[PDB]
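Shown here is one chain on its own, the form deposited in one PDB entry, set out as structure tokens.
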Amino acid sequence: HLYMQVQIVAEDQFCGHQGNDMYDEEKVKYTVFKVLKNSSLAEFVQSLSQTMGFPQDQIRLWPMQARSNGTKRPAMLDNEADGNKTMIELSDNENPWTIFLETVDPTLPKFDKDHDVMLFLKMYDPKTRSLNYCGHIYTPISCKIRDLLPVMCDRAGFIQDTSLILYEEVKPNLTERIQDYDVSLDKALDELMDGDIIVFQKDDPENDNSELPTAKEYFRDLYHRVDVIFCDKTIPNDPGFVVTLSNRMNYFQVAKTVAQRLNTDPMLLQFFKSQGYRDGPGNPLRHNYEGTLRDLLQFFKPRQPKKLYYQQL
């Protein structure tokens, strides 16, 4: 058909997010618009302005853009202001098309497409082991990291001249500490781009007594946390119960922690490796399997979820 979905997501959806990128794609709530694929952007801004309740001058669109580095981030609108450019053109044939929408009060400052960058600010609290959204800032690229530290303190509710350790959340399982604060933004970050995220925390010995002392450790830890659902193969519909494991776990560990949950011994449980792409169990899984849980589950989609069957026995 000649219609496309356009899902708006508002900055209030980034608050409380406890993982990589700005929000959980699955668990976030969208405002959905149905638009002619051939629409102008102008028309969309008009109807979005009408619906969302903001004047066209108080809003700014940052289309969400899934990357091959494993991240989805806000991006600069493509429009070569604005030679026709249909909505379906602007989205690179992507349907649906998700777009971060920036408003203002509950005016919006000018942004030089070429010389300014929009960056996102997270704060890691090593005590509680939790991330705290601290909004987004417009700054010149020429600007030095040093000069953003006051703002980072303010938004996290810190005192001025508070010591901060800075990282760039590059991608899942990759959080790079920023060493030199006296360089430009484009020098400091890996590939400077609108929608880049820097995570900061207090520089305090006290937090070394935390289970996860830094953001680096926190995100690495998150990369490994993984939920899997276990079901009896003989022979009901699906008595599913999902238990939290690590991707680092080998056969023993995954068995001992699933067997404990059922009450039996691990010697009584027989796991079957997931066929992958195909329908059911198929293969039995050897207890001398030298691989990890990451390797067991790399068949399963990104939707996903993770699951594998067992007799018991």
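Throughout, we count residues from 1 along the sequence that is shown. We call the rigid core the largest set of C-alpha positions that still match within 1.5 Å between the two forms.
- Gap between residue 205 and residue 206: none; every deposited residue in this span has coordinates.
- Between 220-228 and 193-201, the higher mean Cα B-factor belongs to 220-228.
- The stretch 236-244 shows the higher mean C-alpha B-factor when 236-244 is compared against 74-82 in the entry.
- Ranking 262, 61, 32, 52 by Cα temperature factor from the entry places 262 first.
- Across 132, 184, 107, 162, the entry's maximum B-factor at the CA atom is seen for 107.
- In the deposited entry, the Cα temperature factor of residue 291 places it in the middle third of its chain's modelled residues.
- In the deposited entry, the Cα temperature factor of residue 5 sits in the middle third of values across the chain's modelled residues.
- In the PDB entry, a CA B factor belonging to the highest third of its chain's modelled residues is recorded for residue 210.
- When all modelled residues of the chain are sorted by CA temperature factor, residue 37 is found within the middle third.
- Looking at the C-alpha B-factors along this chain, the one for residue 273 belongs to the highest third.
Keep in mind that the form deposited in another entry is not shown, yet the notes after this line are about it.
- Residue 262: CA moves 2 Å or more between the shown form and the other one after rigid-core fitting.
- In a rigid-core overlay of the protein, residue 14 has its C-alpha displaced by under 2 Å between the shown form and the other one.
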